[PDB]
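Here the structure comes first, spelled out in structure tokens, and everything after it is commentary.
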Amino acid sequence: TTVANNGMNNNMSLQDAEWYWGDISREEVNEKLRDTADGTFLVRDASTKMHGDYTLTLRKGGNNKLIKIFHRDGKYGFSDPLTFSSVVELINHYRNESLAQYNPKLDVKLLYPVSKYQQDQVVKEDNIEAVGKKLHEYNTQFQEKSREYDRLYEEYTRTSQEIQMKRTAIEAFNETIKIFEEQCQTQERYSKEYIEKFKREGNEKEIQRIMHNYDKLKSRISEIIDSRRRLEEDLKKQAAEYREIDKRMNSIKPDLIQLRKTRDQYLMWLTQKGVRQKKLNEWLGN
Amino acid sequence: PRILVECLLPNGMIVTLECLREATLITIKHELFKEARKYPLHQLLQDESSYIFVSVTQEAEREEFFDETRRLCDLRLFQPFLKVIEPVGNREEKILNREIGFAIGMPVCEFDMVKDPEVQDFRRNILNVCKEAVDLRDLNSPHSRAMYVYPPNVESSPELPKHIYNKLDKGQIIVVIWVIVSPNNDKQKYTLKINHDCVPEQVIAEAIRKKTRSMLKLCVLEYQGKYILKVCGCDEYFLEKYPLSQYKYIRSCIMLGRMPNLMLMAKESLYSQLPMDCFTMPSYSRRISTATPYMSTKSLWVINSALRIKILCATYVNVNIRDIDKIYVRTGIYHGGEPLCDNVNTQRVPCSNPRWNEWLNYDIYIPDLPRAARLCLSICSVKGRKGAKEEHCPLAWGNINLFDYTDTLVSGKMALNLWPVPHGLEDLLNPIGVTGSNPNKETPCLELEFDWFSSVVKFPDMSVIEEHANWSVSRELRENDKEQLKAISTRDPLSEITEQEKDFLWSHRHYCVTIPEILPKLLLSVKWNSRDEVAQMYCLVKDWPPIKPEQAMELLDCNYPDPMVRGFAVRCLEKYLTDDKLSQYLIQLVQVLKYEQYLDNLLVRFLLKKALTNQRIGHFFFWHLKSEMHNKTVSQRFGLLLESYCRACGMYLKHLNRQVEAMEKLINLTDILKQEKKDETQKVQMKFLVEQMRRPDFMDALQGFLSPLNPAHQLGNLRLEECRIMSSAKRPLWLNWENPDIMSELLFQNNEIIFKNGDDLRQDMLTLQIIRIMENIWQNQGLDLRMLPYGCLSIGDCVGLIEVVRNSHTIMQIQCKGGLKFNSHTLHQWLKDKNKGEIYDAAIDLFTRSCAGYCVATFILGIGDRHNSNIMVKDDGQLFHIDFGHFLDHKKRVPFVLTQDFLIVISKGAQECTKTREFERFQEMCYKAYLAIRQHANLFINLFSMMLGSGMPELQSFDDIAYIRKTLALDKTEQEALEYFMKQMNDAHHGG
Ligand SMILES: Cc1nc(NC(=O)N2CCC[C@H]2C(N)=O)sc1-c1ccnc(C(C)(C)C(F)(F)F)c1
């Protein structure tokens with residue numbers, strides 16, 4: 001949540017405020033406004049980097065609605081005329097009143113600042129050596145864990161290909177059994193009126209030989225049911241392996257994305273604090 | 001060679017026969033029937049005419065093997081079993097269908113057995129396009145079939161570039177005609193003289209009147225209809241009545257300064273060379289879709305209610321109960337990537353019992369749904385234990401069209417399978433994924449229940465929208481807004497558009513008919529979750545003037561899913577886009593085919609019609625969609641398109657299948673080269689491949705097949721001595737094939753091909769495509785920064801082909817050559833040694849210009865660390881980058897640092913490379929190249945935005961394209977971008 005309570009000085013400093021963020025690109029402002037609700041807003045330095053354009057990215061209807069305020073004769077406002085002086089009292093006036101004054105379509109007035117120092121609350125150890133060691137161990141843990149997640153995704157793809165080709169092989173066995181059963185039914189239809197006549201004329205050696213090589217058909221279907229069984233047990237345990245590998249990447253993905261979020265916020269902290277890559281690049285360049 | 005194959009005779013008795021590996025069906029069937037007659041119960045047996053073999057392939061489908069000529073190894077049988085049964089079907093349809101299935105890798109009867117009615121309606125309606133294409137193919141047979149089988153390679157420019165118009169002797173091209181006219185195939189030279197303005201009719205007339213020298217009206221006319229121009233060594237034929245400056249062979253000869261190599265082959269010989277193609281209607285076309293559901297109803301604009309969707313349960317979420325506590329099915333009503341309303345979430349049920357039964361209501365009302373509404377189910381779960389802060393992570397995603405092919409709202413309880421999460425997906429839903437259930441069954445499935453009206457509700461025809469357009473209006477400019485509109489028009493597609501400007505755009509629409517460029521911004525300035533706005537915009541689009549194709553393709557990527565908008569864009573494409581730049585942009589249109597919510601629409605009709613009327617376009621279309629059978633998200637749609645193309649492409653099928661099976665067999669080689677061979681210094685390090693290609697069954701499968709990188713190039717006898725492997729990236733294949741035709745010595749006696757496995761050659765194709773459009777821009781604006789986009793083609797999952805340009809060497813190559821036979825002057829000295837003399841400085845000029853081609857390129861595209869091995873220079877002084885791969889950001893600056901050796905070579909070997917006279921000329925042409933790219937960067941944003949749903953692990957959404965947006969500096973002005981590049985090219989030497 002937002003505590004606000006900046007103070008009694010309404011026309012306060014532009015550079016340090018809950019609304020302000022400075023010269024930030026679209027990627028990280030899209031990261032900030034994601035998973036937000038109505039009335040969530042943010043004001044940054046504009047994409048043109050001109051003198052005081054200072055666009056706004058209020059959230060409404062699931063879209064980062066990109067309001068731009070003007071810089072006419074040193075004043076600010078959503079659109080002409082610019083009857084309001086300062087941006088802080090502008091956003092406070094839209095915190096007090098609706099947006100129906102300038103345009104009718106907008107309904108939400110304002111609900112939630114995205115403060116620059118809300119994330120700064122959870123961070124500590126302002127001294128350089130502590131955050132240096134913390135960033136080093138965060139980076140090596142992130143590298144090892146990203147290698148583990150890449151291995152997990154490779155295993156997931158390999159098991160998906162294995163289970164897909166085994167599923168196709170099982171379907172091929174199913175089609176083979178269907179063809180063999182249809183052939184068996186057809187030959188029963190032909191042979192229900194064939195064997196007993198050659199019995200009636202009195203000879204059985206040909207019948208026992210054709211019965212022997214007919215039993216070869218039932219023998220063959222007997223081992224191919226065995227092969228389909230050994231491939232279907234294989235399919236079931238490989239599906240279980242696929243499920244547990246998906247469970248492992250289920251466990252590995254979310255702490256990975258929040259660790260990446262913390263790494264990004266630490267990069268932002270180093271950027272705003274002013275120290276660039278001086279000694280951290282020496283370890284990674286080895 | 002000794003396979004014991006068992007056969008199911010239709011009398012019933014069981015026979016087993018030995019079979020050879022190379023034996024065909026006729027070779028084995030004769031002794032099969034012989035020893036079947038020898039074996040007892042020879043009563044129902046008769047001749048082989050009415051008996052047909054049936055077996056199940058390794059792709060798990062029974063299919064009759066009517067074609068008796070096929071070998072045993074071509075059968076691809078999972079088990080050595082055959083069956084003997086009556087035909088009970090058609091001959092030609094079944095050989096055609098099996099060949100189609102071999103060209104896809106999966107048979108047509110898979111399409112037969114799938115019960116999705118949209119698939120079969122697509123299969124019915126594609127034959128309309130096929131029959132129209134083959135009717136226009138033979139409307140002027142065999143003349144039109146000549147342009148089909150061998151396509152002209154012309155551009156859309158009747159004129160010529162100005163800086164190459166001065167490269168000739170006052171607009172005149174010296175060619176050589178290598179016509180034989182000899183029973184003893186004697187070759188000879190006719191060096192001959194043409195301008196550039198005339199069509200090949202005057203060229204063949206001049207060749208007739210100059211051929212008749214040294215042995216001297218109607219004769220010229222009858223030889224005109226009996227002779228034709230052919231490029232030597234490669235199968236391009238000059239056919240159509242075109243001004244001959246557009247043929248790419250002639251323009252490439254102007255580029256490189258080489259004289260063109262042509263001949264006069266007989267027209268009737270070419271006509272007899274191409275076989276007559278046949279097109280037969282399918283068996284499923286017998287069924288007519290005239291349904292009479294004895295049970296027209298009301299439309300969307302009479303039913304007033306809210307969108308209520310009830311979630312019942314998931315089948316089984318694939319989670320772990322130990323570390324994950326609760327799950328939820330946060331949904332979203334998307335229009336591409338734009339949420340049409342708020343993301344309504346479900347309850348936070350535990351993962352033990354994934355049952356919801358929640359009637360999620362949505363802010364959108366029923367009449368205000370757009371045509372391309374896309375529900376986005378997503379199983380994502382809170383897997384973080386924090387105070388008043390929930391950590392969210394996607395697990396399963398799945399998109400659903402709210403309207404079907406019938407163009408009606410979905411209703412009734414229905415289950416649907418969910419796709420797994422993509423690699424590194426930032427968003428919790430998936431805006432860009434296609435609509436449809438997962439074909440695999442062992443993935444989590446979830447149940448939905450729409451607002452069951454106990455009826456069907458139909459989105460109306462455009463008459464209702466047209467009347468509502470006149471209704472809603474009832475419910476001369478200040479030029480500042482006009483120049484504001486002009487300013488909006490020049491903005492890139494990823495421009496930061498504001499609702500001040502969006503409301504300005506929507507409030508002034510009938511005044512936007514003056515400029516056509518403003519349309520895609522007007523796409524983003526309308527609320528798709530509206531009733532009047534969509535009707536107004538449809539009324540505008542119906543009366544909207546046509547668009548240049550470069551930004552008419554803007555309406556095609558994932559942000560513009562509207563069927564009417566995409567239909568207008570496709571209409572503008574077929575009205576304006578030409579064949580050469582269709583084949584240029586073919587990869588992008590192939591990837592746009594994913595973004596279609598349906599199967600049958602106008603884009604697929606247009607791309608099929610252009611593919612079935614052009615061998616080059618159709619061939620590259622087939623290979624581009626064949627490369628993505630491993631992508632199961634669009635495997636069905638693209639497989640249907642391979643089925644349609646292979647139905648209506650003609651005899652190229654055979655050639656196609658040959659190269660396909662060649663590639664497939666070659667792919668198989670890399671499997672043994674990768675899975676079995678993963679070590680070093682054994683007895684079979686190189687001898688194994690020599691012995692394996694010494695096998696006749698493998699080498700005969702690589703004979704006489706056309707090159708997959710170019711249908712004009714044809715591949716013949718393999719040279720096992722000149723085939724080897726490398727150890728550069730992941731051990732690819734060096735393949736050498738002699739060009740079969742006799743006149744091959746003019747261009748190249750041998751074709752070299754890299755066959756690469758281990759890396760995805762799909763982003764490399766995109767990079768080389770970018771290189772080719774920057775070539776086009778620089779040639780059009782008057783700067784010959786000759787940089788070569790060598791041909792590359794992905795042919796499946798992590799498999800690709802690269803055509804080799806010869807007389808090239810790495811920096812590592814020349815460095816080790818100098819060391820054996822290191823210093824920072826070896827490249828310039830080597831270029832002295834290759835081509836000295838009066839041409840040398842010109843080569844240096846080329847080496848400057850190609851440098852000015854690549855460095856700027858490698859900054860704009862953001863290619864990775866260009867070291868000394870992933871770059872090669874030619875003998876004529878031209879460099880090029882090969883291992884592109886990681887492009888744009890790909891690791892989250894300073895790409896392709898200008899090395900010292902460049903500073904020697906461009907500066908003529910001077911010791912003080914910093915302020916030589918040619919260096920500021922280099923910088924000036926770099927500036928001009930960047931500016932010429934910069935007013936054409938909207939096309940580049942379009943072309944990269946039409947690649948988001950492709951599936952590279954380094955281009956997903958609007959998180960990567962900001963890299964080219966910030967290197968191209970669309971936010972900045974021209975001068976700020978200039979000083980940006982003086983900054984980077986001043987720190988290129990870290991001070992210079
Ligand atoms: C366009 C191109 N041209 C070549 N030509 C020679 O290698 N030649 C030609 C002369 C002899 C030989 C040489 N000196 O060495 S290789 C090549 C290419 C393009 C893209 N990827 C590759 C891979 C995958 C093999 C690499 F290198 F990255 F690992 C190669």
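By convention in this document, the chains of the structure tokens carry letters A, B, ... by their order, each chain's residues are numbered from 1, and ligands are numbered from 1 in the order they are shown.
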
Using only C-alpha atoms, select each residue of chain B with any atom at most 6 Å away from an atom of chain A, and give the selection as a list in words. residues 12, 60, 319, 320, 339, 341, 342, 393, 498, 959 and 971 of chain B

Got a sec to check which residues lie within 9 Å of ligand 1, using only C-alpha atoms and all ligand atoms, and send them as number ranges by chain? B: 726-734, 752-757, 759, 764, 789-792, 801-810, 813-814, 869-872, 874, 880-884

Atom-to-atom span, CA of residue 253 (chain B) and CA of residue 847 (chain B), Å: 18.3 Å

Using DSSP secondary structure from the backbone, list all strand (DSSP E or B) positions within region 757-926 of chain B, as a ChimeraX atom specification. /B:757,792-794,799-803,808-810,871-874,879-881

Restricting it to N, CA and C atoms, dump the selection as a PDB file, in the first residue's frame.
```pdb
ATOM      1  N   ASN B 757      23.597 -28.127 -37.480  1.00  0.00           N
ATOM      2  CA  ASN B 757      22.748 -28.583 -36.389  1.00  0.00           C
ATOM      3  C   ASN B 757      23.372 -28.194 -35.060  1.00  0.00           C
ATOM      4  N   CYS B 792      20.498 -18.388 -46.372  1.00  0.00           N
ATOM      5  CA  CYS B 792      20.336 -19.256 -45.216  1.00  0.00           C
ATOM      6  C   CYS B 792      18.889 -19.710 -45.141  1.00  0.00           C
ATOM      7  N   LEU B 793      18.682 -20.970 -44.762  1.00  0.00           N
ATOM      8  CA  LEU B 793      17.330 -21.520 -44.702  1.00  0.00           C
ATOM      9  C   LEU B 793      17.230 -22.519 -43.561  1.00  0.00           C
ATOM     10  N   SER B 794      16.323 -22.268 -42.622  1.00  0.00           N
ATOM     11  CA  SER B 794      15.982 -23.266 -41.619  1.00  0.00           C
ATOM     12  C   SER B 794      15.001 -24.264 -42.215  1.00  0.00           C
ATOM     13  N   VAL B 799      17.840 -26.917 -37.274  1.00  0.00           N
ATOM     14  CA  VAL B 799      18.543 -27.461 -38.430  1.00  0.00           C
ATOM     15  C   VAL B 799      18.500 -26.428 -39.550  1.00  0.00           C
ATOM     16  N   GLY B 800      19.624 -26.252 -40.242  1.00  0.00           N
ATOM     17  CA  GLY B 800      19.666 -25.229 -41.268  1.00  0.00           C
ATOM     18  C   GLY B 800      20.698 -25.485 -42.343  1.00  0.00           C
ATOM     19  N   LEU B 801      20.541 -24.745 -43.440  1.00  0.00           N
ATOM     20  CA  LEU B 801      21.406 -24.808 -44.605  1.00  0.00           C
ATOM     21  C   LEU B 801      21.954 -23.422 -44.900  1.00  0.00           C
ATOM     22  N   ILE B 802      23.237 -23.371 -45.247  1.00  0.00           N
ATOM     23  CA  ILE B 802      23.938 -22.134 -45.564  1.00  0.00           C
ATOM     24  C   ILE B 802      24.644 -22.329 -46.897  1.00  0.00           C
ATOM     25  N   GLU B 803      24.411 -21.426 -47.844  1.00  0.00           N
ATOM     26  CA  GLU B 803      25.146 -21.487 -49.097  1.00  0.00           C
ATOM     27  C   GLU B 803      26.474 -20.766 -48.917  1.00  0.00           C
ATOM     28  N   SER B 808      36.927 -16.931 -49.608  1.00  0.00           N
ATOM     29  CA  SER B 808      36.766 -16.176 -48.375  1.00  0.00           C
ATOM     30  C   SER B 808      37.600 -16.811 -47.272  1.00  0.00           C
ATOM     31  N   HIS B 809      38.029 -15.982 -46.322  1.00  0.00           N
ATOM     32  CA  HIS B 809      38.851 -16.450 -45.213  1.00  0.00           C
ATOM     33  C   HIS B 809      38.554 -15.620 -43.973  1.00  0.00           C
ATOM     34  N   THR B 810      38.641 -16.258 -42.804  1.00  0.00           N
ATOM     35  CA  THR B 810      38.458 -15.532 -41.556  1.00  0.00           C
ATOM     36  C   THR B 810      39.678 -14.659 -41.283  1.00  0.00           C
ATOM     37  N   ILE B 871      33.839 -13.560 -38.767  1.00  0.00           N
ATOM     38  CA  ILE B 871      33.903 -12.591 -39.856  1.00  0.00           C
ATOM     39  C   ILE B 871      34.874 -13.121 -40.903  1.00  0.00           C
ATOM     40  N   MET B 872      34.555 -12.914 -42.181  1.00  0.00           N
ATOM     41  CA  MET B 872      35.438 -13.333 -43.262  1.00  0.00           C
ATOM     42  C   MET B 872      35.530 -12.265 -44.335  1.00  0.00           C
ATOM     43  N   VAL B 873      36.719 -12.135 -44.908  1.00  0.00           N
ATOM     44  CA  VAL B 873      36.961 -11.240 -46.029  1.00  0.00           C
ATOM     45  C   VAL B 873      37.164 -12.080 -47.282  1.00  0.00           C
ATOM     46  N   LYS B 874      36.762 -11.516 -48.417  1.00  0.00           N
ATOM     47  CA  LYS B 874      36.878 -12.185 -49.700  1.00  0.00           C
ATOM     48  C   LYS B 874      38.224 -11.859 -50.342  1.00  0.00           C
ATOM     49  N   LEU B 879      34.219  -7.898 -46.854  1.00  0.00           N
ATOM     50  CA  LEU B 879      34.017  -8.607 -45.601  1.00  0.00           C
ATOM     51  C   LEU B 879      32.536  -8.881 -45.375  1.00  0.00           C
ATOM     52  N   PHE B 880      32.269  -9.877 -44.536  1.00  0.00           N
ATOM     53  CA  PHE B 880      30.917 -10.236 -44.145  1.00  0.00           C
ATOM     54  C   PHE B 880      30.938 -11.037 -42.849  1.00  0.00           C
ATOM     55  N   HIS B 881      29.871 -10.860 -42.071  1.00  0.00           N
ATOM     56  CA  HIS B 881      29.690 -11.483 -40.767  1.00  0.00           C
ATOM     57  C   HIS B 881      28.812 -12.718 -40.907  1.00  0.00           C
TER      58      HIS B 881
END
```

Please indicate the distance in Å from CA of residue 766 (chain B) to CA of residue 705 (chain B), rounded to one decimal place. 25.9 Å

Do a neighbour search on region 33-43 of chain B at 7 Å with only C-alpha atoms, toss out local chain neighbours closer than 3 positions, and write the hits as a PyMOL selection string. chain B and resi 15+29-30

Write the residues of the selection above to a file with N, CA, C and O atoms, as a tab-separated table (two decimals), in the first residue's frame.
```tsv
chain	number	residue	atom	x	y	z
B	15	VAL	N	2.49	-66.15	-44.33
B	15	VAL	CA	3.74	-66.35	-45.04
B	15	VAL	C	4.79	-65.38	-44.52
B	15	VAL	O	4.48	-64.26	-44.10
B	29	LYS	N	7.31	-59.26	-54.35
B	29	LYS	CA	5.95	-59.79	-54.42
B	29	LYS	C	5.87	-61.02	-55.32
B	29	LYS	O	5.02	-61.90	-55.09
B	30	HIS	N	6.73	-61.11	-56.33
B	30	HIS	CA	6.68	-62.25	-57.25
B	30	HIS	C	7.05	-63.55	-56.55
B	30	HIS	O	6.30	-64.53	-56.61
```

So that I can check the surroundings of residue 956 (chain B), please list as JSON, numbers by chain every protein, DNA and RNA residue that reaches within 10 Å of it, counting only C-alpha atoms and ignoring chain neighbours fewer than 2 positions away. {"B": [422, 423, 424, 425, 426, 432, 945, 947, 948, 949, 950, 951, 952, 953, 954, 958, 959, 960, 961]}

Mind the document's chain letters and residue numbers, and return as a PyMOL selection string the residues of region 555-652 of chain B that DSSP labels alpha helix (DSSP H). chain B and resi 563-576+579-584+586-595+602-611+615-626+635-648+652

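Taking only C-alpha atoms into account, residue 929 (chain B) lies nearest to B:782 out of the set B:618, B:782, B:895, B:257.
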
Counting only C-alpha atoms, what is within 9 Å of residue 10 (chain A), bar same-chain residues fewer than 6 positions away, as a PyMOL selection string? chain A and resi 88-89+92

With only C-alpha atoms as the counted atoms, please give the residues lying no more than 12 Å from residue 706 (chain B), apart from itself and same-chain residues fewer than 6 positions off, as JSON, numbers by chain. {"B": [234, 235, 619, 652, 653, 654, 655, 656, 657, 658, 659, 660, 661, 662, 663, 712, 713, 714, 715, 716, 717, 737, 738, 739, 740, 751]}

Residues near residue 8 (chain B), anyone? I mean within 7 Å using only C-alpha atoms, not counting same-chain ones fewer than 4 positions away, as number ranges by chain. B: 12, 14, 82-84

Restricting it to N, CA, C and O atoms, dump the selection as an mmCIF file, in the first residue's frame.
```cif
data_model
loop_
_atom_site.group_PDB
_atom_site.id
_atom_site.type_symbol
_atom_site.label_atom_id
_atom_site.label_comp_id
_atom_site.auth_asym_id
_atom_site.auth_seq_id
_atom_site.Cartn_x
_atom_site.Cartn_y
_atom_site.Cartn_z
ATOM 1 N N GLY B 12 -5.955 -66.076 -45.542
ATOM 2 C CA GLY B 12 -5.825 -66.271 -44.113
ATOM 3 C C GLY B 12 -4.481 -66.840 -43.706
ATOM 4 O O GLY B 12 -3.996 -66.583 -42.601
ATOM 5 N N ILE B 14 -0.496 -67.671 -43.365
ATOM 6 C CA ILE B 14 0.569 -66.754 -42.970
ATOM 7 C C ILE B 14 1.860 -67.133 -43.684
ATOM 8 O O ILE B 14 2.291 -68.292 -43.633
ATOM 9 N N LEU B 82 3.351 -56.761 -43.959
ATOM 10 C CA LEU B 82 2.528 -56.298 -45.066
ATOM 11 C C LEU B 82 1.186 -57.015 -45.016
ATOM 12 O O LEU B 82 1.036 -58.042 -44.357
ATOM 13 N N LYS B 83 0.205 -56.460 -45.723
ATOM 14 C CA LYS B 83 -1.105 -57.077 -45.851
ATOM 15 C C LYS B 83 -1.501 -57.045 -47.319
ATOM 16 O O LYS B 83 -1.157 -56.104 -48.034
ATOM 17 N N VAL B 84 -2.223 -58.067 -47.765
ATOM 18 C CA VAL B 84 -2.653 -58.194 -49.149
ATOM 19 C C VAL B 84 -4.171 -58.116 -49.163
ATOM 20 O O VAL B 84 -4.842 -58.959 -48.555
#
```
